[PDB]
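Engineer: Quick one: the structure is below, and I'll ask about it shortly.
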Ligand SMILES: [Mg+2]
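Protein chains in written order, with the entry's author numbering: chain C, 3 to 989, 1020 to 1356; chain F, 166 to 250; chain G, 58 to 88; chain D, 253 to 806.
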């Protein structure tokens, strides 16, 4: 049992045991980077699938008319210089050296092993690997950035219909566009006129005859391959037709067939019915008599040429007429080729497009395919062949994956498993014959929206393709330079070039859509951000191209993604969160584990099922009753076989779910009573819970789920113990623990330094800190929790703070969704958060004079320089107001050209003419706080001030006092083991002499590790950080603002009930019960019948029973009760109606009172997502805590004093505080700065920002009888020069003259029109 | 005619040898071309190289907006230096 | 597949020079 | 204009003008040396492309600038690129004297006035303070008056409230789909950082209190202050421009307190007594000796306005409840007593305001609309209506219909196993059975929810209307309808798939008993498709109103 479990135990309401615990939530990001970075060092030949595999495709090169080759054994990863805490303080990116070894291989290109030289040497550091931390994020330029997973289509062929209203047709074949793993894609769309017109991604439409001729096949054979399924011969009575019973099925027969040795088939003028099909199949005849007048409507397939006359007597695509038959009869034609195509058949469409642009030969298609590749360029036989053959044979970037070959062959049917990567002549005819089959009706279209057509990428696969492009270009310059110059004079260091590698990997991590900012406003928001699968990005569909095909949930997404966790707004359905139990497979597909079940006994092993492997077996639901025997005791079970939810029998089941929480995501599983809430509020509840702000005090939620522990444990924000032992000393700055003798090494057994982070700035201007929750002398096991992060309480996720909530309309203050707070929520400092806002100052270098941080400021007084030092930096901890000077920055200037009116005032008050303008940094209006620290940055060759000397001195004293204190701990840990050699009791002899010299050498060796590190840390403080050119010194400050709650903030719960607080009513006005407990939050009961979120009332009833039990223990603990009186009452709580709980394991008097003192403010309950407590298990808790059965008690009025004549639902409800305060949205302005071209107001003055008066508000003013109002907001209030200045004088004088003026939006349009050669004037 | 600001002939020839010297020193050191690094190689003071290398401003367009979405250009983000309020 | 096979044949070819007599040049560390 | 670091910023239109001059000067120099006609045509063709690229760009020329790849925007391209082939006046224009903040409901404000923070009123009315300080005599010049409003002295607040007394400010939300989206109000100096809005006016703005922001506007000219008070005032646009129904109607919170006030009960405290007038009903109720709704008899002095210019007086002894007599005090003397004898639902009160404004006027209607809201919020707090787990009365006969329908569907599946019935026939013969069974569940619920009250008055048993909290929030039309109560009491029904077909397997469980895992996954199909059409409804409806105003503008 964990040490934190004994302190607080939550009662679970799960009715079924969990056979599989929750795995690592960040396993998708950690396992994806260990394959790309390959930081593991093994002794055998590792595979290292990832960057190592791509690196192996660089050394083997081939040069035309030359001999050049390279050999690369492997790469080496160096150690990073800056630590994880120093890289975020100063401006630097967390990287690691990457040194490779490339051996140059020079040959003579003579196909012989003679005159071959090879040189082995280590190359230069090719770029710098990011080497992200164990939390799943990497630091870039001091900021933490994460990369979300990409969701793209699987490589293969897909057939769709695209039934739209623009085609004006019920049946129209869509584009059968294939998507390879890399390169361009071919868009082959079938024309609505039974034609085939291929196209490219950035070219025009091309005919099918030009594309078929480039492969090498003729146009006549390709057109006769898919057609001409019947042959005609001139035998017997000058004609013999192949009798097929399928063609004559359902068609009228106007030609009499008298053949068949006296056995007639049909007659002239008789309709073929179901009876005529029986007399033809029983005989098996194939020849029939057809007159010559019946072939007047039939056409030929190919060009019928006779070997007698030597000329084509009948060309292709021509009807058989009377005069044409006279020429074919005298020419002695053996076989007549006639394409038998009718309305009942499919019909060949290759003949309708074969006559496009007269592409009857391969020579006409070569000059036509080159016009789309090169625009306006001259057509050549060599250039056209290279462009056309680049996507068929000379595949430079047309590589396909190993799974893409088997996926494309599975739709058309093929016995071969793996084939060639690029497309061949035989591999391109299957997609052409498969589109005509689906056009007639044979078969169905492909499934693109299913999970089998989409592939989830990762951070390792996205960084591998971005690294191969940056490496394939660096090898091109080294290959050409090695052949132009000599090989003996050249060196592998000068031949290699690490510039294209480091540049292509640095700009990619900053200019990509997937490498977005990582939000740290909530520990729950940190987990759900990395556990996201994005669709749009570098290659995905945008918000408009997607449409509605991907914005709908599908049954194939069961157990893989979340259907109720999707941000609503401009992009809904595109991005989705991953499931809890979802695990990525080897190929990259999402696989969810199931429990295979048989007809004899339920198995214990867990298997992983893929997306396409679910259509074969049947999967049941975990909500099935069992008879404690391992079989399905229920008569029926809800199963699904063909991706459809239905009912099945319990005798043919094969699969079963693990836990009901495998469907929802992490952000949706924490919502209690999710089965009682609508999916509309569940989609909104996961967004408000993600935007929570950590408060000052962490209050545990009384109604939880149980997954809150798995969110704060795996995160890298809490101080998790790596090894076990006993805590030596607990301090607010750091905590140290010992190492047990079992899991310890030989030397340096006890070494554990855990440095707790202080109040630093996050990415959302929120505070973050760690507080120790352990004591000195406690047994800590491996995997415990030593310090909690923001919005965490004892390893449990505690975002907000719960309080008493009543449901009643109180004087209309809770009109629709508003919240009526009390005075007890503000006086107790509950929702008062801490915000950390930073401000940075730069020192620009100009030709008029360099800018430096000085102490003297022109035109100031003593009060402005009272808080400032003698160098120009505000002291640490100085309380600053809105408008004070923080950093003294002056800018020199020349040629001021002062006015005589200002010169007269400079001599009266005795003010000296300062020729240097004051451009110091000042805080904006409305932002006041306390500076916590000041960080300065200097460049090489620049002088420093006295303020920077105090920063490096405090950093040098801290790095010296702590290293001297940690050395004393290890010194005492070595003498205590040497003092255990008192078996002789002198107060054998050679063994103690060696151990004494070894213990003295270990102390002398440990000092050498600190002296080399102290001198290395001293060098880091004496060096200047690299900055952008033009900045002499950068001095940044950090302010600490405590934004308490005020009327206007947004408060919401976990069920999706937003609310803006209206007022803060006193304690005397809040409704109180007969005991005298005034409520804090007064909600509105009108949201329950409108919005289907019943979980608000179920959580409120459990919140009243959770506090009622905690108050009973507090009264029993203060009554000086015995031990038998406390453990007997606690046993009646955890084991009263159900749940898995274990007792009789704590201590007698130590652990019993340690658990009662933690539950004195409320016993926390654990209600699962779908395995929550029933109505009986909740109503039974109100009877134990001496509470009403219905949960509704009548309260007394606070103001009038009377009693309400209706029971009111009271209790405790968990509430949150969103980051939508009024301090960042309320602003107003009257005058300000304007732009240059268009005289419109804008920001930049650090005062406010003007709002836009769109066209929607213009039509509203015209709806009334407003004429001067709309004319004022368009000419005087904006877009003017003389009108605004003259109007401001009228307001001060007292009379509103309302001058006409002229809008500046029209004066610019006149100058732009007259400059285009078109005249415009005013006739008046 | 290439740059938007016509430079005299007697001063534009000094920038031709500075760009060629910075091109060879870019691949020779395998690092970014520093302003003080070229001064030591060409035997020139630091105050002379700072003004000569800083003369090439490389002015960019204004109507071209930055970012993936072109919602507003740079014309609506500039302000005047004189008193316009 | 094809790129790794090219260097694999060269790796076996370079090993043949070791039997017939040949030592690959060794260079010290770079700058 | 220069930038930080000595770097300039040149417009792309200047590059097109410089390219023409570089080629125009070469044409004059080449034509002054007797150049051959072959080289003259080469220069004249370059001058044609230079002028062609100066007017438009991107069609056939597509000139590429240096250190970039995007084509240069020319003069004609600047007009097309100006807010998408539009003018600067037809697009959004930045205006002064404005400001946005979070809204907040205030029940202590009149219908013609609203709330305004003190920090916003100092920035909006800044030019108005400088004119009052100079005319009074405290501030001499305009420079000394600027340091008085930024110092936050004790004398600047007394002069500030002088210009806020009569100055109608404008309020508007972000989406404006009708004329009622921009209304003028009288600002009141309040403490805080939020706009205190009226509860009744929220029906016109169609805005809820969840974090919405409403911008403000301050008219400067007195000519604009007169047309904003007589036209844009919230008291003038009391009727919707669509139909004759008023837009200022008591919302869900106001109608809840008025429905409980006007209710009928069989037995109550103080039933059977009589009162002298309306003054005796209010005294007997607040004394704790009379119930809110009890069958009593009172005599009132009502006035009928059937005759123009004459207000007759009549005394009638009617027998109504206690709460119905208290609501008549708010009703003026121009309407009879029969208009308040009903249950006062939402649709029953929207016709009373439309009738009060038609037979009385506008001055007495605004005061009546404010007193009706005051008596709706005061009586809603006395009756502590709350929703709980016992209010969702599940019918005991609901399990009988589900168990009966479970045996009928198994009979259809037992026949399909043989093959006497086809697939197309069994699909329609089972999808209508659940639709017919859903009516029996809803019919059994409304018969139990309405009669969920057992009282007695000198008798054995007597039934009446139920006083459940869920029935009062559905029969009054405050929030939700009868279609949403079926999802909590009875089964949800057949959740159809967004593909176009209806799913055969229904959802038997409701919100109170809890849904299953597979039953909840089906509900995510219709819920996700409803949100995809909601975001697209703002683009299709916004495009429809953008084409009708362009043809109906003259
Ligand atoms: Mg809203």
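Ideal Cβ positions, reconstructed from N, Cα and C, are used throughout, including at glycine.
(1) What residues in the stretch 221-238 of chain F have a beta carbon less than 8 angstroms from any beta carbon of chain D?
(2) Identify each residue in the stretch 551-564 of chain C for which the Cβ-Cβ distance to at least one residue of chain D is less than 7 angstroms, and report them in chain order.
(3) Consider the C-beta atom of residue 708 of chain D and the heavy atoms of ligand 1; say whether any pair is separated by less than 7 angstroms.
(4) Examine chain C for any beta-carbon lying closer than 8 angstroms to the beta-carbon of residue 69 of chain G, and answer yes or no.
(5) Quick check: does the Cβ of residue 1205 of chain C come within less than 7 angstroms of any heavy atom belonging to ligand 1?
(6) Does residue 249 of chain F get closer than 8 angstroms to chain D when you measure Cβ to Cβ?
(7) Could you confirm whether any beta carbon from chain F is found closer than 8 angstroms to the beta carbon of residue 1061 of chain C?
(8) Any beta carbon of chain F sitting closer than 8 angstroms to that of residue 143 of chain C?
(9) Look up residue 534 of chain D in the DSSP assignment and say whether it is helix, strand or coil.
(10) Could you confirm whether any beta carbon from chain D is found closer than 8 angstroms to the beta carbon of residue 1139 of chain C?
(11) Does any C-beta atom of chain D lie closer than 8 angstroms to the C-beta of residue 265 of chain F?
(12) Interface residues of chain F around residue 922 of chain C at Cβ under 8 angstroms?
(13) Check each candidate in C/1044, C/941, C/890 and C/771 and name the one with the smallest Cα separation from residue 919 of chain C.
(14) Is it true that the CB of residue 301 of chain D sits closer than 8 angstroms to the CB of residue 1300 of chain C?
(15) Going by C-alpha distance, which of D/420, D/381, D/388 and D/418 is nearest residue 837 of chain D?
(16) Does the beta-carbon distance from residue 850 of chain C to residue 791 of chain C come in below 8 angstroms?
(17) Report the three-state DSSP secondary structure of residue 416 of chain C (helix, strand or coil).
(18) Report the residue ranges of all alpha helix (DSSP H) runs contained in full by the stretch 678-756 of chain C; include only those spanning at least 4 residues, in chain order.
(19) Just the Cα atoms here: how many angstroms apart are residue 688 of chain D and residue 645 of chain D?
(20) Do you know how far the Cα of residue 427 of chain D is from the Cα of residue 186 of chain C?
(21) In chain order, what residues of the same chain have a beta carbon less than 6 angstroms from the beta carbon of residue 777 of chain D, not counting five sequence neighbours either side?
(22) Check each residue of the stretch 195-208 of chain F: if its Cβ is closer than 8 angstroms to any Cβ of chain C, include it; give the result in chain order.
(23) Taking its Cβ as the centre, do 16 or more other Cβ atoms sit within 10 Å of residue 67 of chain C, making it buried, or is it exposed?
(24) May I ask you to list, following chain order, the residues of the stretch 723-738 of chain D that have a beta carbon less than 8 angstroms from some beta carbon of chain C?
(25) Name, please, each residue of chain F whose Cβ falls closer than 8 angstroms to the Cβ of residue 1263 of chain C.
(26) Is residue 459 of chain D close to ligand 1? I mean its beta-carbon at under 7 angstroms from any heavy atom of the ligand.
(27) Buried or exposed, going by whether 16 or more other CB atoms sit within 10 Å of the CB of residue 1190 of chain C?
(28) Could you tell me if residue 706 of chain C is buried or exposed, where buried requires 16 or more neighbouring beta carbons within 10 angstroms of its beta carbon?
Structural biologist: Let me spell this out:
(1) Under the 8 angstroms Cβ criterion, the stretch 221-238 of chain F contributes 222, 223, 224, 225, 226, 227, 228 and 229.
(2) Listed in sequence order: 553, 554, 555 and 560.
(3) Not so, every heavy atom of ligand 1 lies at least 7 angstroms from the Cβ.
(4) No, its Cβ sits nowhere closer than 8 angstroms to a Cβ of chain C.
(5) Shortest gap from the CB of residue 1205 of chain C to any heavy atom of ligand 1: 7 angstroms or more.
(6) So, not an interface residue.
(7) Against chain F, the CB of residue 1061 of chain C has a partner CB under 8 angstroms away; the residue lies at that interface.
(8) Closer than 8 angstroms: no.
(9) Note: residue 534 of chain D maps to helix in three-state DSSP.
(10) Closer than 8 angstroms: no.
(11) Since the first residue shown for chain F is 166 and the last is 250, residue 265 of chain F is missing from the structure and cannot be characterised.
(12) Chain-ordered listing is empty here: chain F has no CB closer than 8 angstroms to the CB of residue 922 of chain C, the nearest sitting near 18 angstroms.
(13) Cα-wise, what sits closest to residue 919 of chain C is C/890.
(14) It is not a contact, given that the beta carbons lie outside the stated cut-off.
(15) No information on residue 837 of chain D is available, as it lies outside the stretch 253 to 806 that chain D covers here.
(16) In this structure, residue 850 of chain C sits away from residue 791 of chain C, with a CB-CB distance that is not shorter than 8 angstroms.
(17) DSSP, read as helix, strand or coil, puts residue 416 of chain C in coil.
(18) You should have 681-690 and 711-714.
(19) Spanning the two alpha carbons is a distance of roughly 22 angstroms.
(20) The alpha-carbon atoms of residue 186 of chain C and residue 427 of chain D are separated by roughly 43 angstroms.
(21) The answer, listed in chain order, is 749 and 750.
(22) If the cut-off is 8 angstroms between Cβ atoms, the stretch 195-208 of chain F has 195, 200 and 201 near chain C.
(23) That one is exposed.
(24) Answer in chain order: 725, 726, 730, 731, 732, 736 and 737.
(25) What residue 1263 of chain C touches in chain F: 250.
(26) Residue 459 of chain D: yes, Cβ under 7 angstroms from ligand 1.
(27) Label assigned to residue 1190 of chain C: buried.
(28) Burial call: buried.
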